[PDB]
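S.K.: Input: one structure, supplied below.
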Amino acid sequence: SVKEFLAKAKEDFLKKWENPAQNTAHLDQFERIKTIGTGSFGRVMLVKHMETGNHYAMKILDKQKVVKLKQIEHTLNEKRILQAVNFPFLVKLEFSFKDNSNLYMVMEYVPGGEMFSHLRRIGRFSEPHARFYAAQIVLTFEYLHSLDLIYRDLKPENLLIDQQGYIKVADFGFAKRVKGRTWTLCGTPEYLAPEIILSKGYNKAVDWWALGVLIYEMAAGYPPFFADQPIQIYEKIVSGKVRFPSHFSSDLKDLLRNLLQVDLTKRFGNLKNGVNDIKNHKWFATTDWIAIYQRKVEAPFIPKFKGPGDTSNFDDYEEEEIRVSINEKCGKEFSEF
Amino acid sequence: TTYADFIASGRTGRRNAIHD
Ligand SMILES: C[C@@H](N)[C@H]1CC[C@H](C(=O)Nc2ccncc2)CC1
C-alpha cells in the first residue's frame with residue numbers, strides 16, 4: 001500500500017514536473033507585513049493576499065544576487081521541484097512569479113515557527129518528542145527519494161511547526177532531481193555526510209546521514225560534530241567518532257550509529273531493504289507510520305497561536321525594501337521560472 | 001560539559017548553508 005501510494009504519487013509529480021505551473025500571481029496582489037526569515041538565499045516575508053484575506057509566506061530572491069552566487073540552476077530546481085510535490089510534511093507552494101528584479105515563491109504560512117527556535121529555547125527534546133518529528137522526516141524522505149529527489153539541507157532551521165504541531169519542510173534551494181550521483185558541495189557544515197566533504201560523488205544517502213544528525217541534535221540539544229569554524233567540523237565528521245549523551249537510550253544510539261555510518265554499504269536508508277531498515281528499528285517500535293502520515297497522532301508540543309498573521313513565533317529581522325527595476329534583469333537565465 | 005561547550009560556541013544561532 002506504501003508502494004501503491006508512491007506509484008500514484010510519482011504519476012502526480014511527473015505531470016507537474018514536465019509541465020510546471022508558471023506566473024500564477026503578481027506582487028501587487030499582496031500586502032507585505034514582516035520578514036520572518038533569511039537564507040540560505042533571499043528572505044521570506046509574511047504577506048496577506050488582498051483578494052482572499054489569506055496569509056502566506058513569500059520568499060523573494062534577487063535575480064542578480066542569485067546569478068553572482070552561481071545559484072541559477074539550483075533556484076530553477078527549487079521552484080520546479082516545489083511546485084510539483086505534494087506531501088503532508090512539505091510546505092506548499094501556492095504561487096510563483098517574477099518581475100524585472102526578483103523571483104517570488106509564495107508558500108502557505110506556517111505560524112508555529114522553526115523547529116530550531118523551540119529546540120534551542122527548551123534545550124533538547126525527549127526521545128518521544130524527537131521520534132514523533134523524526135518519523136515525519138523519514139516518510140518525507142521516503143516520498144522525495146521515490147521521486148529521485150535529493151533534499152540536501154535537513155536541519156531544524158528548515159523545519160516549520162504547524163498549528164497542529166506537525167512539520168513542514170521548507171527551503172528547497174539545494175533539492176535536485178538526479179537518478180545517479182551528483183557532486184555539488186552544498187548543505188550545512190554540521191549536517192554534511194563525509195562523502196560530500198570528501199568530494200566523492202554522492203546520492204540520496206547524504207539525506208539519511210543528515211537525518212542522523214538531526215535526531216541526535218533534537219535528542220541531545222547539540223549536534224554530534226560541532227566546532228567554532230566549519231573546517232574543524234569537517235575534521236570531526238571524517239573521523240566519525242561520535243559520542244552520545246549518557247541519557248540516550250541504547251536503541252537511540254544504535255539507530256544513530258547506523259545513520260551516522262561512514263560506510264555506505266552499512267548506512268541505513270541506502271541498503272537493499274531501503275527505508276524499512278529505519279522504520280522497523282526498535283527506536284521506532286511505538287511509531288504508527290500510517291497514523292503519523294494521517295496526522296492522527298497527538299503532537300507532543302502545540303505552538304501558541306495569538307491570531308492569523310501573528311509572527312511572534314519567529315525572530316525579528318531587519319526589513320529591506322523590495323526594489324523593482326524598470327529594466328528586466330537576467331531574463332534568459334530565469335525564463336522557465 | 002558538552003552542552004556548555006556548545007552554548008559557549010559561535011554556532012548556536014541559525015546556520016547558513018555553504019557553497020563553493
Ligand atoms: C533557514 C533557511 N534555510 C530558511 C528556512 C525556511 C524559512 C521559511 O520559508 N519560513 C516559513 C515559511 C512558511 N511559513 C512560515 C515560515 C526561510 C529561511
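Residue names in the C-alpha cells use chain letters A, B, ... in the order shown, residue numbers from 1 in each chain, and ligand numbers from 1 in the order shown.
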Name the residues in contact with residue 6 (chain B) at a cut-off of 10 Å, using only C-alpha atoms, excluding same-chain residues fewer than 3 positions from it; report them as number ranges by chain.
M.R.: A: 221-223, 226-228; B: 1-3, 9-12
S.K.: Please write the residues from the selection above to a file, keeping C-alpha atoms, as an mmCIF file, in the first residue's frame.
M.R.:
```cif
data_model
loop_
_atom_site.group_PDB
_atom_site.id
_atom_site.type_symbol
_atom_site.label_atom_id
_atom_site.label_comp_id
_atom_site.auth_asym_id
_atom_site.auth_seq_id
_atom_site.Cartn_x
_atom_site.Cartn_y
_atom_site.Cartn_z
ATOM 1 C CA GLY A 221 20.332 19.718 22.310
ATOM 2 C CA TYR A 222 23.565 19.945 20.282
ATOM 3 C CA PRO A 223 24.813 18.283 17.070
ATOM 4 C CA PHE A 226 30.432 20.914 16.334
ATOM 5 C CA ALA A 227 33.273 23.473 16.487
ATOM 6 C CA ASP A 228 33.682 27.221 16.017
ATOM 7 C CA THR B 1 30.128 19.649 29.771
ATOM 8 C CA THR B 2 29.412 19.255 26.091
ATOM 9 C CA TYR B 3 26.285 21.352 26.436
ATOM 10 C CA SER B 9 30.481 28.322 20.834
ATOM 11 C CA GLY B 10 29.838 30.629 17.850
ATOM 12 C CA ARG B 11 27.330 28.225 16.201
ATOM 13 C CA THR B 12 24.226 28.137 18.338
#
```
S.K.: Need the shell around residue 211 (chain A): protein/DNA/RNA residues with any atom at most 9 Å away, counting only C-alpha atoms. Skip same-chain ones fewer than 6 positions apart. Format as a PDB file with C-alpha atoms, in the first residue's frame?
M.R.:
```
ATOM      1  CA  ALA A 134      11.878  12.079  13.063  1.00  0.00           C
ATOM      2  CA  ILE A 137      11.171  13.244   8.124  1.00  0.00           C
ATOM      3  CA  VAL A 138      11.546   9.531   7.427  1.00  0.00           C
ATOM      4  CA  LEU A 154      17.947  18.934   6.516  1.00  0.00           C
ATOM      5  CA  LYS A 155      18.339  20.920   9.744  1.00  0.00           C
ATOM      6  CA  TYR A 191      24.887  18.024   8.564  1.00  0.00           C
ATOM      7  CA  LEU A 256      22.217   6.742  15.194  1.00  0.00           C
ATOM      8  CA  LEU A 259      22.591   6.542  10.293  1.00  0.00           C
ATOM      9  CA  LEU A 260      25.892   8.291  11.116  1.00  0.00           C
TER      10      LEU A 260
END
```
S.K.: Counting only C-alpha atoms, collect the residues of chain A whose closest atom lies at most 10 Å from chain B, and write them out as a ChimeraX atom specification.
M.R.: /A:38-41,69-71,116-117,120,123,152-153,155-158,173-174,184-191,220-223,226-230,243,245
S.K.: If DSSP is run on the backbone, what residues of region 2-182 of chain A are strand (DSSP E or B)? A reply as a ChimeraX atom specification would be ideal.
M.R.: /A:30-38,43-49,54-62,90,93-98,102-108,114,149-150,159-161,167-169,176-177,182
S.K.: What is the distance between atom 16 (C, counted along the ligand's line) of ligand 1 and CA of residue 147 (chain A), in Å to one decimal?
M.R.: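 Result for atom 16 (C, counted along the ligand's line) of ligand 1 versus CA of residue 147 (chain A): 24.7 Å, one decimal.
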S.K.: What do you get as a VMD selection string if you pick all residues at most 7 Å from ligand 1, counting only C-alpha atoms and all ligand atoms?
M.R.: (chain A and resid 36 to 40 43 to 44 56 to 57 59 91 107 to 111 113 157 to 160 170 to 171) or (chain B and resid 14 16)
S.K.: If you run DSSP on the backbone, which residues of region 18-197 of chain A are alpha helix (DSSP H), as a PDB file with N, CA and C atoms, in the first residue's frame?
M.R.:
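Output below, filename part-v2.pdb:
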```pdb
ATOM      1  N   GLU A  18       6.941  17.838 -15.606  1.00  0.00           N
ATOM      2  CA  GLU A  18       7.125  18.025 -17.057  1.00  0.00           C
ATOM      3  C   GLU A  18       6.393  19.264 -17.559  1.00  0.00           C
ATOM      4  N   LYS A  63      17.335  38.322  -8.538  1.00  0.00           N
ATOM      5  CA  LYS A  63      17.898  37.526  -9.630  1.00  0.00           C
ATOM      6  C   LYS A  63      19.401  37.757  -9.804  1.00  0.00           C
ATOM      7  N   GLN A  64      19.846  39.005  -9.664  1.00  0.00           N
ATOM      8  CA  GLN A  64      21.266  39.367  -9.763  1.00  0.00           C
ATOM      9  C   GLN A  64      22.123  38.753  -8.665  1.00  0.00           C
ATOM     10  N   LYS A  65      21.611  38.724  -7.449  1.00  0.00           N
ATOM     11  CA  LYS A  65      22.294  38.033  -6.369  1.00  0.00           C
ATOM     12  C   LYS A  65      22.356  36.531  -6.566  1.00  0.00           C
ATOM     13  N   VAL A  66      21.310  35.962  -7.158  1.00  0.00           N
ATOM     14  CA  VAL A  66      21.329  34.551  -7.486  1.00  0.00           C
ATOM     15  C   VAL A  66      22.405  34.249  -8.549  1.00  0.00           C
ATOM     16  N   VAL A  67      22.495  35.103  -9.561  1.00  0.00           N
ATOM     17  CA  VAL A  67      23.495  34.913 -10.594  1.00  0.00           C
ATOM     18  C   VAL A  67      24.912  34.986  -9.957  1.00  0.00           C
ATOM     19  N   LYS A  68      25.181  36.018  -9.157  1.00  0.00           N
ATOM     20  CA  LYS A  68      26.510  36.170  -8.536  1.00  0.00           C
ATOM     21  C   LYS A  68      26.893  34.991  -7.687  1.00  0.00           C
ATOM     22  N   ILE A  72      21.870  29.815 -10.112  1.00  0.00           N
ATOM     23  CA  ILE A  72      20.842  29.831 -11.137  1.00  0.00           C
ATOM     24  C   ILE A  72      20.155  28.475 -11.217  1.00  0.00           C
ATOM     25  N   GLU A  73      20.919  27.434 -11.498  1.00  0.00           N
ATOM     26  CA  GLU A  73      20.309  26.128 -11.764  1.00  0.00           C
ATOM     27  C   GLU A  73      19.626  25.616 -10.491  1.00  0.00           C
ATOM     28  N   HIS A  74      20.213  25.881  -9.336  1.00  0.00           N
ATOM     29  CA  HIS A  74      19.632  25.424  -8.080  1.00  0.00           C
ATOM     30  C   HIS A  74      18.265  26.105  -7.808  1.00  0.00           C
ATOM     31  N   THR A  75      18.136  27.373  -8.212  1.00  0.00           N
ATOM     32  CA  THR A  75      16.947  28.148  -7.993  1.00  0.00           C
ATOM     33  C   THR A  75      15.841  27.645  -8.897  1.00  0.00           C
ATOM     34  N   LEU A  76      16.196  27.245 -10.109  1.00  0.00           N
ATOM     35  CA  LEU A  76      15.262  26.640 -11.039  1.00  0.00           C
ATOM     36  C   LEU A  76      14.837  25.260 -10.531  1.00  0.00           C
ATOM     37  N   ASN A  77      15.781  24.473 -10.015  1.00  0.00           N
ATOM     38  CA  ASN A  77      15.451  23.220  -9.325  1.00  0.00           C
ATOM     39  C   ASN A  77      14.401  23.446  -8.246  1.00  0.00           C
ATOM     40  N   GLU A  78      14.699  24.391  -7.347  1.00  0.00           N
ATOM     41  CA  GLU A  78      13.911  24.678  -6.168  1.00  0.00           C
ATOM     42  C   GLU A  78      12.435  24.922  -6.515  1.00  0.00           C
ATOM     43  N   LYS A  79      12.209  25.795  -7.482  1.00  0.00           N
ATOM     44  CA  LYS A  79      10.853  26.184  -7.821  1.00  0.00           C
ATOM     45  C   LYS A  79      10.177  25.045  -8.650  1.00  0.00           C
ATOM     46  N   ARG A  80      10.906  24.457  -9.583  1.00  0.00           N
ATOM     47  CA  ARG A  80      10.347  23.385 -10.396  1.00  0.00           C
ATOM     48  C   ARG A  80       9.967  22.179  -9.512  1.00  0.00           C
ATOM     49  N   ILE A  81      10.845  21.816  -8.563  1.00  0.00           N
ATOM     50  CA  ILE A  81      10.525  20.757  -7.575  1.00  0.00           C
ATOM     51  C   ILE A  81       9.372  21.094  -6.645  1.00  0.00           C
ATOM     52  N   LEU A  82       9.388  22.291  -6.079  1.00  0.00           N
ATOM     53  CA  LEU A  82       8.407  22.663  -5.039  1.00  0.00           C
ATOM     54  C   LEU A  82       6.972  22.748  -5.600  1.00  0.00           C
ATOM     55  N   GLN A  83       6.854  23.286  -6.805  1.00  0.00           N
ATOM     56  CA  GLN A  83       5.566  23.346  -7.477  1.00  0.00           C
ATOM     57  C   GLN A  83       5.032  21.957  -7.840  1.00  0.00           C
ATOM     58  N   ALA A  84       5.912  20.958  -7.939  1.00  0.00           N
ATOM     59  CA  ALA A  84       5.498  19.620  -8.364  1.00  0.00           C
ATOM     60  C   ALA A  84       5.150  18.667  -7.239  1.00  0.00           C
ATOM     61  N   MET A 115      11.622  24.785  13.939  1.00  0.00           N
ATOM     62  CA  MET A 115      11.905  23.826  14.999  1.00  0.00           C
ATOM     63  C   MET A 115      13.128  24.303  15.792  1.00  0.00           C
ATOM     64  N   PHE A 116      14.144  24.787  15.076  1.00  0.00           N
ATOM     65  CA  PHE A 116      15.335  25.393  15.615  1.00  0.00           C
ATOM     66  C   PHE A 116      15.027  26.305  16.794  1.00  0.00           C
ATOM     67  N   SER A 117      14.119  27.245  16.628  1.00  0.00           N
ATOM     68  CA  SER A 117      13.908  28.192  17.707  1.00  0.00           C
ATOM     69  C   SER A 117      13.400  27.489  18.978  1.00  0.00           C
ATOM     70  N   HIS A 118      12.449  26.556  18.854  1.00  0.00           N
ATOM     71  CA  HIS A 118      11.907  25.819  20.017  1.00  0.00           C
ATOM     72  C   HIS A 118      12.955  24.881  20.624  1.00  0.00           C
ATOM     73  N   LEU A 119      13.762  24.264  19.780  1.00  0.00           N
ATOM     74  CA  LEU A 119      14.807  23.358  20.235  1.00  0.00           C
ATOM     75  C   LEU A 119      15.871  24.065  21.029  1.00  0.00           C
ATOM     76  N   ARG A 120      16.317  25.214  20.549  1.00  0.00           N
ATOM     77  CA  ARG A 120      17.328  25.992  21.258  1.00  0.00           C
ATOM     78  C   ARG A 120      16.806  26.490  22.612  1.00  0.00           C
ATOM     79  N   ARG A 121      15.562  26.952  22.642  1.00  0.00           N
ATOM     80  CA  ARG A 121      14.976  27.571  23.830  1.00  0.00           C
ATOM     81  C   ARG A 121      14.818  26.538  24.957  1.00  0.00           C
ATOM     82  N   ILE A 122      14.040  25.509  24.657  1.00  0.00           N
ATOM     83  CA  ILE A 122      13.762  24.397  25.563  1.00  0.00           C
ATOM     84  C   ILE A 122      15.006  23.601  25.895  1.00  0.00           C
ATOM     85  N   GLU A 127      13.013  11.791  23.967  1.00  0.00           N
ATOM     86  CA  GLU A 127      13.076  10.826  22.883  1.00  0.00           C
ATOM     87  C   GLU A 127      11.723  10.697  22.146  1.00  0.00           C
ATOM     88  N   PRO A 128      10.605  10.610  22.866  1.00  0.00           N
ATOM     89  CA  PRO A 128       9.299  10.529  22.202  1.00  0.00           C
ATOM     90  C   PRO A 128       8.973  11.727  21.293  1.00  0.00           C
ATOM     91  N   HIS A 129       9.343  12.908  21.742  1.00  0.00           N
ATOM     92  CA  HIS A 129       9.159  14.156  21.008  1.00  0.00           C
ATOM     93  C   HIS A 129       9.998  14.118  19.716  1.00  0.00           C
ATOM     94  N   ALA A 130      11.287  13.805  19.846  1.00  0.00           N
ATOM     95  CA  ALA A 130      12.193  13.714  18.716  1.00  0.00           C
ATOM     96  C   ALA A 130      11.748  12.641  17.745  1.00  0.00           C
ATOM     97  N   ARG A 131      11.217  11.513  18.255  1.00  0.00           N
ATOM     98  CA  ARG A 131      10.781  10.404  17.384  1.00  0.00           C
ATOM     99  C   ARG A 131       9.564  10.785  16.582  1.00  0.00           C
ATOM    100  N   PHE A 132       8.652  11.487  17.211  1.00  0.00           N
ATOM    101  CA  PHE A 132       7.499  11.995  16.500  1.00  0.00           C
ATOM    102  C   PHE A 132       7.915  12.809  15.250  1.00  0.00           C
ATOM    103  N   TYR A 133       8.830  13.778  15.431  1.00  0.00           N
ATOM    104  CA  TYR A 133       9.361  14.580  14.295  1.00  0.00           C
ATOM    105  C   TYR A 133      10.198  13.746  13.352  1.00  0.00           C
ATOM    106  N   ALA A 134      10.995  12.839  13.892  1.00  0.00           N
ATOM    107  CA  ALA A 134      11.878  12.079  13.063  1.00  0.00           C
ATOM    108  C   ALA A 134      11.055  11.201  12.122  1.00  0.00           C
ATOM    109  N   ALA A 135       9.959  10.631  12.600  1.00  0.00           N
ATOM    110  CA  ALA A 135       9.100   9.826  11.762  1.00  0.00           C
ATOM    111  C   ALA A 135       8.570  10.616  10.580  1.00  0.00           C
ATOM    112  N   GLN A 136       8.260  11.881  10.799  1.00  0.00           N
ATOM    113  CA  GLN A 136       7.781  12.716   9.720  1.00  0.00           C
ATOM    114  C   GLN A 136       8.834  12.897   8.617  1.00  0.00           C
ATOM    115  N   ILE A 137      10.092  13.026   9.036  1.00  0.00           N
ATOM    116  CA  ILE A 137      11.171  13.244   8.124  1.00  0.00           C
ATOM    117  C   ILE A 137      11.419  11.959   7.373  1.00  0.00           C
ATOM    118  N   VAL A 138      11.328  10.816   8.048  1.00  0.00           N
ATOM    119  CA  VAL A 138      11.546   9.531   7.427  1.00  0.00           C
ATOM    120  C   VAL A 138      10.554   9.355   6.282  1.00  0.00           C
ATOM    121  N   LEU A 139       9.278   9.607   6.533  1.00  0.00           N
ATOM    122  CA  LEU A 139       8.258   9.456   5.498  1.00  0.00           C
ATOM    123  C   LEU A 139       8.421  10.490   4.350  1.00  0.00           C
ATOM    124  N   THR A 140       8.865  11.694   4.683  1.00  0.00           N
ATOM    125  CA  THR A 140       9.081  12.751   3.699  1.00  0.00           C
ATOM    126  C   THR A 140      10.225  12.374   2.809  1.00  0.00           C
ATOM    127  N   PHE A 141      11.286  11.819   3.374  1.00  0.00           N
ATOM    128  CA  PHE A 141      12.413  11.350   2.565  1.00  0.00           C
ATOM    129  C   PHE A 141      11.993  10.109   1.770  1.00  0.00           C
ATOM    130  N   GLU A 142      11.267   9.199   2.389  1.00  0.00           N
ATOM    131  CA  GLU A 142      10.732   8.081   1.604  1.00  0.00           C
ATOM    132  C   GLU A 142      10.011   8.630   0.359  1.00  0.00           C
ATOM    133  N   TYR A 143       9.178   9.654   0.555  1.00  0.00           N
ATOM    134  CA  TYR A 143       8.465  10.277  -0.553  1.00  0.00           C
ATOM    135  C   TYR A 143       9.401  10.979  -1.509  1.00  0.00           C
ATOM    136  N   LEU A 144      10.289  11.858  -1.037  1.00  0.00           N
ATOM    137  CA  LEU A 144      11.109  12.590  -2.016  1.00  0.00           C
ATOM    138  C   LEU A 144      12.010  11.647  -2.817  1.00  0.00           C
ATOM    139  N   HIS A 145      12.662  10.721  -2.119  1.00  0.00           N
ATOM    140  CA  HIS A 145      13.599   9.809  -2.756  1.00  0.00           C
ATOM    141  C   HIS A 145      12.921   8.932  -3.813  1.00  0.00           C
ATOM    142  N   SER A 146      11.641   8.619  -3.628  1.00  0.00           N
ATOM    143  CA  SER A 146      10.930   7.780  -4.589  1.00  0.00           C
ATOM    144  C   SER A 146      10.727   8.522  -5.887  1.00  0.00           C
ATOM    145  N   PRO A 194      30.263  12.616   5.214  1.00  0.00           N
ATOM    146  CA  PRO A 194      31.696  12.609   4.898  1.00  0.00           C
ATOM    147  C   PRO A 194      31.987  12.568   3.392  1.00  0.00           C
ATOM    148  N   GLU A 195      31.135  11.887   2.664  1.00  0.00           N
ATOM    149  CA  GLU A 195      31.332  11.734   1.233  1.00  0.00           C
ATOM    150  C   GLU A 195      31.154  13.069   0.510  1.00  0.00           C
ATOM    151  N   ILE A 196      30.404  14.011   1.087  1.00  0.00           N
ATOM    152  CA  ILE A 196      30.289  15.323   0.494  1.00  0.00           C
ATOM    153  C   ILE A 196      31.555  16.113   0.769  1.00  0.00           C
ATOM    154  N   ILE A 197      31.979  16.107   2.030  1.00  0.00           N
ATOM    155  CA  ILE A 197      33.217  16.776   2.443  1.00  0.00           C
ATOM    156  C   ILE A 197      34.399  16.250   1.632  1.00  0.00           C
TER     157      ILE A 197
END
```
S.K.: Taking only C-alpha atoms into account, which of A:49, A:85, A:320, A:149 comes nearest residue 17 (chain A)?
M.R.: A:85
S.K.: Please list as JSON, numbers by chain every residue within 10 Å of residue 150 (chain A), counting only C-alpha atoms and excluding residues in the same chain fewer than 4 positions away.
M.R.: {"A": [141, 144, 145, 146, 172, 174, 175, 176, 177, 178, 179, 182, 203, 204, 205, 206, 207]}
S.K.: Taking N, CA, C and O atoms for each residue, export the selection above as an mmCIF file, in the first residue's frame.
M.R.:
```cif
data_model
loop_
_atom_site.group_PDB
_atom_site.id
_atom_site.type_symbol
_atom_site.label_atom_id
_atom_site.label_comp_id
_atom_site.auth_asym_id
_atom_site.auth_seq_id
_atom_site.Cartn_x
_atom_site.Cartn_y
_atom_site.Cartn_z
ATOM 1 N N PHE A 141 11.286 11.819 3.374
ATOM 2 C CA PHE A 141 12.413 11.350 2.565
ATOM 3 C C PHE A 141 11.993 10.109 1.770
ATOM 4 O O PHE A 141 12.286 9.977 0.582
ATOM 5 N N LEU A 144 10.289 11.858 -1.037
ATOM 6 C CA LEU A 144 11.109 12.590 -2.016
ATOM 7 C C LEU A 144 12.010 11.647 -2.817
ATOM 8 O O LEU A 144 12.138 11.776 -4.044
ATOM 9 N N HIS A 145 12.662 10.721 -2.119
ATOM 10 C CA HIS A 145 13.599 9.809 -2.756
ATOM 11 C C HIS A 145 12.921 8.932 -3.813
ATOM 12 O O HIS A 145 13.547 8.554 -4.794
ATOM 13 N N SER A 146 11.641 8.619 -3.628
ATOM 14 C CA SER A 146 10.930 7.780 -4.589
ATOM 15 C C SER A 146 10.727 8.522 -5.887
ATOM 16 O O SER A 146 10.453 7.899 -6.912
ATOM 17 N N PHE A 172 13.934 24.499 -0.464
ATOM 18 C CA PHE A 172 14.396 23.557 -1.455
ATOM 19 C C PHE A 172 15.484 24.089 -2.368
ATOM 20 O O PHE A 172 15.656 23.616 -3.496
ATOM 21 N N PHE A 174 18.612 23.647 -2.432
ATOM 22 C CA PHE A 174 19.543 22.669 -2.937
ATOM 23 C C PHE A 174 18.910 21.321 -3.363
ATOM 24 O O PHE A 174 19.642 20.390 -3.658
ATOM 25 N N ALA A 175 17.580 21.202 -3.344
ATOM 26 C CA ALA A 175 16.941 19.974 -3.761
ATOM 27 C C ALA A 175 17.193 19.799 -5.256
ATOM 28 O O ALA A 175 17.294 20.767 -5.978
ATOM 29 N N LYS A 176 17.350 18.548 -5.687
ATOM 30 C CA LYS A 176 17.724 18.199 -7.056
ATOM 31 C C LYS A 176 17.083 16.894 -7.401
ATOM 32 O O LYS A 176 17.036 15.980 -6.564
ATOM 33 N N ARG A 177 16.575 16.794 -8.616
ATOM 34 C CA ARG A 177 16.142 15.529 -9.152
ATOM 35 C C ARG A 177 17.309 14.902 -9.969
ATOM 36 O O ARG A 177 17.738 15.405 -11.027
ATOM 37 N N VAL A 178 17.840 13.806 -9.450
ATOM 38 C CA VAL A 178 19.004 13.145 -10.064
ATOM 39 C C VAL A 178 18.883 11.647 -9.828
ATOM 40 O O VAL A 178 18.619 11.222 -8.703
ATOM 41 N N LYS A 179 19.031 10.852 -10.894
ATOM 42 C CA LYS A 179 18.938 9.402 -10.726
ATOM 43 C C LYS A 179 20.248 8.757 -10.236
ATOM 44 O O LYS A 179 20.234 7.982 -9.264
ATOM 45 N N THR A 182 25.750 12.795 -7.834
ATOM 46 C CA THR A 182 25.929 14.202 -8.086
ATOM 47 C C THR A 182 27.085 14.663 -7.228
ATOM 48 O O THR A 182 27.519 13.951 -6.369
ATOM 49 N N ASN A 203 24.830 10.373 -3.285
ATOM 50 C CA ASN A 203 23.431 10.181 -3.624
ATOM 51 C C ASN A 203 22.519 10.433 -2.419
ATOM 52 O O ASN A 203 22.917 11.013 -1.425
ATOM 53 N N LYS A 204 21.267 10.042 -2.550
ATOM 54 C CA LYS A 204 20.231 10.263 -1.526
ATOM 55 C C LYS A 204 20.622 9.844 -0.105
ATOM 56 O O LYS A 204 19.962 10.255 0.859
ATOM 57 N N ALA A 205 21.681 9.040 0.028
ATOM 58 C CA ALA A 205 22.186 8.614 1.336
ATOM 59 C C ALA A 205 22.692 9.751 2.225
ATOM 60 O O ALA A 205 22.756 9.588 3.452
ATOM 61 N N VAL A 206 23.121 10.863 1.611
ATOM 62 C CA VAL A 206 23.509 12.005 2.371
ATOM 63 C C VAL A 206 22.345 12.506 3.238
ATOM 64 O O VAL A 206 22.578 13.014 4.330
ATOM 65 N N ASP A 207 21.114 12.376 2.735
ATOM 66 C CA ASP A 207 19.907 12.804 3.463
ATOM 67 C C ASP A 207 19.679 11.900 4.716
ATOM 68 O O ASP A 207 19.269 12.368 5.792
#
```
S.K.: Name the closest residue to residue 336 (chain A) among the candidates A:29, A:1, A:280, A:96; distances are taken between atoms, counting only C-alpha atoms.
M.R.: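 Ranking A:29, A:1, A:280, A:96 by distance to residue 336 (chain A), first place goes to A:96.
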S.K.: Using only C-alpha atoms for the distances, tell me which of A:19, A:335, A:86, A:250 is nearest to residue 282 (chain A).
M.R.: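 Selected residue with least distance to residue 282 (chain A): A:250.
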S.K.: Provide the CA of residue 26 (chain A) to CA of residue 97 (chain A) distance in Å, to one decimal place.
M.R.: 6.4 Å
S.K.: Counting only C-alpha atoms, what is within 7 Å of residue 42 (chain A), bar same-chain residues fewer than 5 positions away, as a list in words?
M.R.: residues 59, 60, 61 and 62 of chain A
S.K.: Residues as selected, C-alpha atoms, written as a tab-separated table (two decimals), in the first residue's frame, can you do that?
M.R.:
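Output file again35.tsv is given in full below:
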```
chain	number	residue	atom	x	y	z
A	59	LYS	CA	10.20	34.09	-0.49
A	60	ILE	CA	11.91	36.70	-2.55
A	61	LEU	CA	15.17	36.13	-4.44
A	62	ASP	CA	17.07	38.92	-6.16
```
S.K.: I need the residue nearest residue 308 (chain A) from this list: A:270, A:102, A:22, A:163. Use only C-alpha atoms for the distance.
M.R.: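 Closest to residue 308 (chain A), using only C-alpha atoms: A:163.
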S.K.: Using Å and a single decimal, report how far CA of residue 169 (chain A) sits from CA of residue 263 (chain A).
M.R.: 27.1 Å
